[PDB]
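Structure record follows, encoded as structure tokens.
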Amino acid sequence: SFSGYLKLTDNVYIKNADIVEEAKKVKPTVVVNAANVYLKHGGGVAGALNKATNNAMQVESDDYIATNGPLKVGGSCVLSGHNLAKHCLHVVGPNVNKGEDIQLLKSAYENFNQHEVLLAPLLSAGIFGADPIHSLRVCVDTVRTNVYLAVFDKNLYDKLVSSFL
Ligand SMILES: NCc1cnc2ccccc2c1
């Protein structure tokens with residue numbers, strides 16, 4: 001079970017933690033991946049989660065894309081969680097470094113509402129280029145299910161908690 005999380009709202013919790021280490025420890029029903037439309041898990045959270053599965057997440061993802069085609073920005077798919085979780089919810093937040101609509105961030109967070117509890121990163125944060133303070137605000141105003149946010153960066157975690165309205 002989840003431990004050491006700071007409660008932000010009725011249903012949103014946050015911790016300064018590596019989401020791979022958090023997943024390996026808790027083994028949640030759902031771990032969220034910060035995916036791209038192609039499910040190419042190269043860097044950031046996706047690269048780290050895939051490397052922890054010994055590339056099994058990428059192999060499974062390539063078969064999914066070969067069958068179904070790419071996801072939509074703001075969309076998701078449920079795949080195996082491998083050694084990290086029962087399931088991985090691959091969610092595509094807009095990548096502002098690729099010029100994608102930041103307004104799609106709320107649609108991306110709506111995917112979390114189909115799962116009662118999730119371990120997740122902040123969508124569109126990190127290498128996706130959005131303001132993590134904005135991502136946390138969209139998260140608390142969109143997600144109604146129980147979300148345990150893992151923020152890798154200590155200095156960003158402190159800034160997020162200290163600025164939370
Ligand atoms: N310790 C593996 C690792 C590497 N890179 C990361 C990037 C974002 C979030 C968590 C990460 C975890």
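Identifiers for the structure tokens are assigned positionally: chains receive A, B, ... in sequence, residues are indexed from 1 per chain, and ligands are indexed from 1 in the order shown.
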Checklist entry - Taking only C-alpha atoms and all ligand atoms into account, which residues are within 7 Å of ligand 1, as a PyMOL selection string? => result chain A and resi 18-20+44-45+48+152
Output N, CA and C atoms of each residue in that selection to a file, as a PDB file, in the first residue's frame.
ATOM      1  N   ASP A  18      10.556   8.140  -7.116  1.00  0.00           N
ATOM      2  CA  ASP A  18      10.806   7.587  -8.416  1.00  0.00           C
ATOM      3  C   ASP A  18       9.619   6.627  -8.665  1.00  0.00           C
ATOM      4  N   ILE A  19       8.811   6.882  -9.707  1.00  0.00           N
ATOM      5  CA  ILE A  19       7.633   6.070  -9.986  1.00  0.00           C
ATOM      6  C   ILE A  19       7.969   4.603 -10.273  1.00  0.00           C
ATOM      7  N   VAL A  20       9.184   4.303 -10.805  1.00  0.00           N
ATOM      8  CA  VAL A  20       9.566   2.896 -11.025  1.00  0.00           C
ATOM      9  C   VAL A  20       9.769   2.215  -9.674  1.00  0.00           C
ATOM     10  N   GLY A  44      12.197   9.917 -20.357  1.00  0.00           N
ATOM     11  CA  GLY A  44      11.305  10.359 -19.283  1.00  0.00           C
ATOM     12  C   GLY A  44      10.712   9.188 -18.526  1.00  0.00           C
ATOM     13  N   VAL A  45       9.501   9.358 -18.006  1.00  0.00           N
ATOM     14  CA  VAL A  45       8.800   8.285 -17.306  1.00  0.00           C
ATOM     15  C   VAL A  45       8.649   7.015 -18.188  1.00  0.00           C
ATOM     16  N   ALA A  48      11.899   5.071 -18.470  1.00  0.00           N
ATOM     17  CA  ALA A  48      12.228   4.463 -17.207  1.00  0.00           C
ATOM     18  C   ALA A  48      11.332   3.261 -16.906  1.00  0.00           C
ATOM     19  N   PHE A 152       9.384  12.866  -9.453  1.00  0.00           N
ATOM     20  CA  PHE A 152      10.782  12.434  -9.354  1.00  0.00           C
ATOM     21  C   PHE A 152      11.723  13.474  -8.755  1.00  0.00           C
TER      22      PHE A 152
END
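For region 97-111 of chain A, the non-local neighbours within 7 Å, defined as residues at least 5 positions apart in the same chain or in other chains and counting only C-alpha atoms, are residues 74, 75, 76, 91, 92, 128, 129, 138, 139, 142 and 143 of chain A.
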Next on the checklist: When you look at residue 144 (chain A) with a cut-off of 10 Å (counting only C-alpha atoms), what residues show up, excluding the ones that are within fewer than 5 positions of it in the same chain? I need them as a list in words.
Outcome noted: residues 10, 11, 12, 109, 110, 112, 113, 114, 115, 116, 117 and 139 of chain A
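The residue that comes closest to residue 61 (chain A), out of A:38, A:5, A:13, A:164 and on the basis of only C-alpha atoms, is A:38.
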Checklist entry - If you count only C-alpha atoms, which residues fall within 10 Å of residue 133 (chain A), apart from same-chain ones fewer than 6 positions away, as a PyMOL selection string? => result chain A and resi 122+125+139+156-157+159-161+163-164
